[PDB]
Each structure stands twice: as C-alpha cells, then as structure tokens.
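Below you'll find the structure, written out as structure tokens, and then a few comments.
Chain identifiers are assigned alphabetically (A, B, ...) following the order of the sequence lines, protein sequences preceding nucleic acid strands; residue numbering begins at 1 within each chain. These values consider heavy atoms only, across backbone and side chains, with no hydrogens, waters or symmetry-generated copies.
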Amino acid sequence: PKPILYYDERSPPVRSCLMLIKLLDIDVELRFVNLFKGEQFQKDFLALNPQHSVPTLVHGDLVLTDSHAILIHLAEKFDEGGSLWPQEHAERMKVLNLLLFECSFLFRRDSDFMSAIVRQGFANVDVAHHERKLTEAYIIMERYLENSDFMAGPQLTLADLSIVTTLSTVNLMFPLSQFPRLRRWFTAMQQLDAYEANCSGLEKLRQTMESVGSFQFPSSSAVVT
Amino acid sequence: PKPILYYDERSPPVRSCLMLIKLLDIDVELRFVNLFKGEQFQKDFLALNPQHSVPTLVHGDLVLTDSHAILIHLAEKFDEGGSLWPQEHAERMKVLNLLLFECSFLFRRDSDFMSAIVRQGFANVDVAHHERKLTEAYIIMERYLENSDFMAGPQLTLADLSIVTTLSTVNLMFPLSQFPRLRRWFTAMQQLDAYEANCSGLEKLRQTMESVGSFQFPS
Ligand SMILES: C[C@]12CC[C@@H]3c4ccc(O)cc4CC[C@H]3[C@@H]1CC[C@@H]2O
Ligand SMILES: C[C@]12CC[C@@H]3c4ccc(O)cc4CC[C@H]3[C@@H]1CC[C@@H]2O
C-alpha cells in the first residue's frame with residue numbers, strides 16, 4: 001500500500017517531508033491532523049503515535065514518528081542509489097549528522113520559541129533569550145556553509161530539506177542580514193521547484209502564530225525571492 | 001586511523017557511545033572535555049564542533065557531533081552483520097525511529113530538567129512540571145515494550161543503548177515502580193557486560209549535580 005502521511009503543513013518537519021515527496025514524485029495519501037486544535041491527542045492518533053506528533057508516516061506495517069526517519073525511509077525506498085541519502089558511507093554519515101543537528105538543536109530551539117509564544121502570548125515571552133538561542137543556530141549553519149556549498153557537502157541532500165523548512169520558519173522572526181552564506185544557500189533552496197511545498201504551510205504558520213500569539217512578525221526579516 | 005571520542009561520562013549520550021565501544025571491543029582514543037567547566041567552548045573544540053557538544057567523534061576526516069550518528073557509524077564500521085543495527089530495512093527503520101525518540105523526546109525532556117537545575121538551582125525548579133513531562137516519556141516507553149523484550153523488537157539494538165543511559169539518568173530522580181515493562185527491561189539491561197560502562201558516569205553526574213544543584217536525589 002502507498003504511504004500515508006499524517007500532517008499539519010504549519011510544522012516545518014512536516015514541510016520537509018512534503019518537499020521530499022514533491023521532489024521524488026512520491027504518491028502519498030495525506031491525512032490532516034490539526035496541531036493547534038489538539039487533534040494529535042485524539043484517542044486513535046494517540047494509539048498510533050503516543051508522541052502525539054506530526055509528521056507520522058504509515059507505510060504498510062511500518063509506523064514512523066519522526067521526520068528524519070521518514071526522510072531517510074522515503075529516500076531509501078524512492079531514491080534508491082541516489083544522492084539525497086548518499087551511497088558512500090562518510091557522505092551519508094555527514095547527512096545523518098546534520099539531520100540530527102536539525103532535530104537536536106535547530107528545531108529544538110525553534111519549537112521552544114514558538115511554544116512559548118503559544119502558551120504565554122508574544123508580549124510575555126523573553127524574546128531576547130530566544131533571539132540569542134536562534135542566532136546561535138544561525139552561526140553554526142553559517143560555519144557549515146563556509147566549508148560547503150550545501151549543508152552536508154557539494155550537492156543537495158536530505159539535510160538541506162530538513163534544515164530549510166525550519167530555517168524559513170525561524171527567519172519569519174529573525175533576519176539573516178549578518179549571515180551571507182546562509183542567505184546565499186537559502187536563496188538557492190528557494191529556487192528549487194520542490195521548495196514550492198514549503199510556501200503554503202510557512203504562510204499558514206505565520207497567520208496562525210500572529211493570531212494565537214497576538215503579535216506581528218517583522219515583515220522585513222523573511223528572505224523572499 | 002583510530003577513532004577519537006571527545007567525551008564527558010556524565011552525559012548520558014556519551015555513556016551510550018561508551019557502552020557500544022565496550023560491547024564491540026572498539027579501540028578508541030578518549031579525550032576528556034569537562035562540560036561543567038565549559039571546556040566545550042575552548043576555541044579549538046568549538047572550531048571542531050560549533051555545537052559545543054559531546055560526544056564528538058573524529059574518525060579520520062569524519063567529524064560526528066551527535067551520539068545517534070556516532071552509534072550508527074560505529075555499528076556500521078565495526079559490527080557489519082550484527083543485530084544492533086539491523087540489515088533488514090523495516091527493522092533498521094524501527095531502530096532509527098526509536099533513536100530519534102530518544103533524541104527528540106526523552107533526552108530533550110531530561111536535558112530541559114537538568115538544564116533548569118544547573119541554571120535556576122534545584123530549589124527554584126518547577127519539579128512537578130518536569131515530573132509530568134518525564135513521566136509521559138516513561139508511559140510511552142512502557143507502550144513500546146508491550147510486545148517486545150527490547151525497545152525496537154526481540155533483540156538488543158542501538159535504540160536500547162541510547163535510551164538506557166538517559167533513562168538511568170532520569171531514574172536518579174523519578175522511580176520506575178509504576179512501569180512493570182520498563183522496570184524489567186531496565187533490570188535486564190543492567191545484566192549486560194557492556195552496561196558496566198554506564199555506571200561510573202551516572203554516579204559522577206549525581207555527585208556533580210547534587211553539588212551544583214545543592215540538593216540530593218531521592219535515589
Ligand atoms: C505549539 C505546539 C508546539 C510547537 C509547534 C511548532 C514548533 C515549531 C514550528 O516552527 C512550528 C510549530 C507549529 C505547531 C506548534 C504546536 C501547536 C500546539 C503545540 O502546543
Ligand atoms: C548543564 C549543561 C546542560 C545539561 C547537561 C545534561 C543534560 C542531561 C543529562 O542527563 C546530563 C547532563 C550533564 C551535562 C549538562 C551540562 C553541563 C553545563 C551545561 O549547561
């Protein structure tokens with residue numbers, strides 16, 4: 001049976017999977033789970049994924065509950081032998097390493113900030129604290145791109161798909177003026193046809209956050225091309 | 001080209017690597033980085049790993065900066081044909097899925113709690129809040145164990161190595177009395193020869209935390 005993706009496109013790791021699905025032309029059934037309405041706590045979804053998170057993939061009997069496993073699984077099954085999840089061991093470990101940076105560092109910090117806004121309202125968030133935490137992530141990505149054209153080496157990999165969605169989300173709030181390699185790379189990602197899959201959920205996330213958090217992102221921060 | 005592991009055994013993900021190294025008899029050069037003195041911010045280590053994190057593995061030209069990548073790399077290089085990192089795709093994805101649960105959920109929540117102690121001091125941490133978050137992780141793992149002896153299936157895998165160290169660290173503070181499957185799994189893990197590599201750093205973490213957090217674990 002074809003893969004089933006439980007999704008809310010406002011989430012950047014969901015959008016990373018949508019980008020890969022578009023890039024490889026994978027036929028997938030989409031099932032919406034509204035994270036802001038709490039539909040991830042519905043009894044049936046909880047039984048399927050006790051972490052109450054999207055993206056969740058059901059592909060036959062395999063149930064994957066983390067975007068990075070979903071990206072690797074889909075690459076192995078639909079980009080067999082390809083370069084998104086490279087064949088050579090060291091290149092593949094480099095991609096894996098950056099997927100884990102996205103999980104453990106970039107997304108961890110973006111989620112900390114966004115959840116603070118939802119729970120507290122923007123006016124009651126220590127924005128400076130989160131600006132420091134997220135600028136630190138910018139600095140690290142800039143260091144990676146000083147030595148490499150894409151995040152994990154000379155060509156597009158799963159690492160770029162995973163990182164660009166969260167980066168575009170962080171950059172709704174924090175400008176990239178001081179980060180020329182990151183700007184160049186983000187601009188290049190924005191030219192990819194697959195990036196069209198990031199645009200709609202990024203904008204829906206912007207709308208939802210401004211309403212739920214009672215604020216406006218600074219329009220000047222987002223890199224637009 | 002022998003691997004170099006930058007480490008501080010108080011960190012649970014470091015201990016997961018130490019356990020794999022012992023399990024697989026891997027010859028590694030250890031380099032101590034003292035996280036509680038901020039040696040992870042020294043210019044040369046920061047140039048090597050801008051995330052200023054341990055474990056960091058240098059294996060020739062490859063620089064790995066996340067325990068889960070290190071576990072997979074070492075299994076692939078030193079345990080081809082083993083059950084720790086299964087060859088069969090669905091089995092391997094299942095292990096990978098639980099490794100990411102450890103990274104994204106169990107360790108995130110344990111790090112949030114421990115970070116809040118070191119920063120705010122134990123007396124000022126909202127312990128009930130962290131107890132709710134970390135007990136939720138216990139509940140999930142109890143369900144993962146419903147129809148398997150180990151986290152990812154019938155056999156020991158990298159997922160068990162990654163989870164046991166953080167679990168043993170959470171369990172300094174929160175008991176497993178209420179989780180029969182988790183308590184039995186944890187007790188089985190402690191009977192493995194490789195589990196000896198977890199003991200020293202867990203006790204050093206307790207000592208360091210109780211001193212820096214000015215409290216004592218109920219353990
Ligand atoms: C705020 C939540 C946690 C953080 C989530 C997040 C975190 C980061 C991000 O870039 C987008 C989102 C959208 C959904 C958010 C969730 C909606 C309910 C849940 O509380
Ligand atoms: C407290 C730090 C973050 C949380 C870290 C942690 C987080 C979880 C855990 O089980 C152990 C440790 C040991 C080192 C800790 C670090 C030493 C300084 C840093 O701030």
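Results of the side-chain contact (heavy atoms from CB on, under 4.5 Å) test with A/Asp8 over A/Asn34, A/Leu205, A/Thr208 single out A/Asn34 as the only residue that passes.
Side chains of A/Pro12 and A/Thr169 form a contact here, defined as non-hydrogen atoms less than 4.5 Å apart.
Contacts between residues 116-143 of chain A and chain B, counted as heavy-atom pairs separated by less than 4.5 Å, involve A/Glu136, A/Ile140, A/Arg143. Taking 4.5 Å as the heavy-atom cut-off, the residues of residues 103-111 of chain B that approach chain A are B/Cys103, B/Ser104, B/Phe105, B/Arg108, B/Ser111, ordered by number.
Both the backbone and the side chain of A/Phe101 come within contact range of chain B, judged by heavy atoms closer than 4.5 Å.
Here A/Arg31 pairs with A/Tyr6, A/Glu29 under the side-chain hydrogen bond (donor to acceptor under 3.5 Å, both in side chains) rule; sequence neighbours left out. B/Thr187 meets the side-chain contact (heavy atoms from CB on, under 4.5 Å) test with B/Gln190, B/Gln191; sequence neighbours excluded.
Not a single donor-acceptor pair under 3.5 Å links the side chain of B/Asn49 to the backbone N or O of B/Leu46.
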Which is it for A/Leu74 and A/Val28 under the side chain to side chain contact (heavy atoms under 4.5 Å, CB included) test, yes or no, and what are the steps along the way? CA-CA 11 Å; A/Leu74 289 178; A/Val28 172; 5.5 Å; no
Assess the residue pair B/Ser16 and B/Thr165 against the criterion (side chain to side chain donor-acceptor pair (under 3.5 Å)); give the C-alpha distance rounded to whole Å, side-chain angles, the decisive distance to 0.1 Å, and a yes or no. CA-CA 6 Å; B/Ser16 298; B/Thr165 61; 2.7 Å; yes
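In this model, no donor atom of one side chain and acceptor atom of the other lie less than 3.5 Å apart for B/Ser53 and B/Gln40.
Taking the six-membered ring for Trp and thresholds of 30 and 60 degrees, A/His73 and A/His59 have ring planes more than 60 degrees apart, a perpendicular arrangement.
If you tally non-hydrogen atom pairs under 4.5 Å between each of B/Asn97, B/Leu64, B/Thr65 and chain A, the highest count goes to B/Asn97.
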